[PDB]
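Take a look at this single chain, the form deposited without ligand XM0, given in structure tokens.
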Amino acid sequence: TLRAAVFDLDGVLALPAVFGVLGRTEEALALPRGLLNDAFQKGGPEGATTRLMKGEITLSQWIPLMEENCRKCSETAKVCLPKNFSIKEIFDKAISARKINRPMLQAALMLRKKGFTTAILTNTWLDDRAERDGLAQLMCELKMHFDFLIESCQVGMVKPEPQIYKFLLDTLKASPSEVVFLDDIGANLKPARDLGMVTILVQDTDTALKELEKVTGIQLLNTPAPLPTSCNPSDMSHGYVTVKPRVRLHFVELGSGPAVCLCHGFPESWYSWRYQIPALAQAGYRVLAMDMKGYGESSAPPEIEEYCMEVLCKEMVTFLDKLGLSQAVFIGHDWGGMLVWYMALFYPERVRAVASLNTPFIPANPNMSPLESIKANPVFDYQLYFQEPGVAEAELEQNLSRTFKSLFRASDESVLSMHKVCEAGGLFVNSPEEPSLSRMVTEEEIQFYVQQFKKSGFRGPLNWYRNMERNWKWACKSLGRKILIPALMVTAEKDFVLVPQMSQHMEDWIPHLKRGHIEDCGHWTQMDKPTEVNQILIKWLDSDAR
């Protein structure tokens, strides 16, 4: 029967509420109990505070008016205000003290995900303080998780005026009794209830959630830890740069601050970073998530050498050049991991810092042809399979759904070994026609990749493997160097191909190397352990990249 959920902000999605600082400040300065509240509410519907909540005046216009009200309130209660009493200072501290109430946000998320229309209905102000950005950021972080955010000052109405609920009901396209509305002020509930809305007086978060659990019949309290926020491709800023006449790079861009450039592996997509993209934006960074050369909406010229590391790197440099970036942090995984290491080696002036998921930095062996080197490790037999232009393409492009559903599996869910692939004559010779969907990906997520590879298929991605000799020669020019820029290596316990021990001697070449390890994590690091990944990268960026 219930189809919509409405959440107050102050005292519901964000804690502590600011009327909570009103009261503390009083005790703090030993003023008359509730004096600051009287001043705040002075004149009711025609008072400074209503005119503010309605958008008639801005916050900075209201501050002196509140000063007056406190002068008048203090005069009538026969007390003096303290030396250097300041409404701006009190309200600054207050506003910046409030933080997202994680459990509530997460409950709203859950409800949204099980089909509810969610909204924030709040009395709030046009904030023009020097320090306004703080709140802007909060409001951003929150709004992206809700169908609507209705703000008193944007619509000209306030709680408890009954007109705002009519506006509410109308925005929701719902009837009074399909809505649950949670708010910390009883008065605000009063008219919601009159129209027939389920309401919840929010005191402690957990009881509110219990009532909301009981009334919606959906588990919200004590639910398992949720995944990090993902990206809807069609809500992203998509960017395009021609690095040279035939070749354009596509990227997706979110957040602001230092530039972090995300370099996916084989056979993937900018989408492989869906769980990192918001987290890093959120953490104060300018995420640029690439479609690497050969993939997605990036160009896929057919020639093999268009994909050697040197050309790939020169091209990432031009990418920075034309976008006007003097540096970026480079974070890569799988093949993208190889590339960021080579970026640190041949363009350190352009790399603020470098990090790889899974891909070790192993220097080339100048006394051993790299093809010979690769036969030395049976776990790498599939790379030989990839050599002959066309063979691997035909297997991979034959069923796209099949392919990704086969590759994109967690460690304990495997359906393919990379063992004797040449012998067997293929990657999927001994794996199902219709694989079960792994617990790591939804049906829709598989289709995304499917629709991407429909553009160019696998020639371009596969070409990344088809320059062993050219890349070796080039790498050898760098045997004299060391990586002395900040550098993080992250190993995945259960990557059976890029195994953690391959990284063991990396400190010989990267002396200040910082490390992270992820237990119980297969080869598809980002989607397998998104939470652990974000935690490791955000901590490392914060200490090494600012």
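Throughout, we count residues from 1 along the sequence that is shown.
The form solved in complex with ligand XM0 is left out here; the points below concern that form.
Distance criterion of 4.5 Å from any heavy atom to ligand XM0 in the bound PDB entry singles out 342 from the list 146, 116, 275, 342. Of the residues given (338, 168, 351, 189), 338 alone sits with a heavy atom within 4.5 Å of ligand XM0 in the bound PDB entry. Note that among 105 to 113, 278 to 286, 330 to 338, 70 to 78, the stretch whose heavy atoms approach ligand XM0 to within 4.5 Å in the bound PDB entry is 330 to 338. When contacts are judged by a 4.5 Å heavy atom cut-off, residue 201 does not count as touching ligand XM0 in the bound PDB entry. Within 4.5 Å of some heavy atom of ligand XM0 in the bound PDB entry lies at least one heavy atom of residue 472. Put simply, residue 309 is close to ligand XM0 in the bound PDB entry: some heavy atom of it is within 4.5 Å.
With a 4.5 Å cutoff on heavy atoms, residue 254 does not count as touching ligand XM0 in the bound PDB entry; it lies far away.
Residues from 232 to 258 do not approach ligand XM0 in the bound PDB entry: none has a non-hydrogen atom within 4.5 Å of it.
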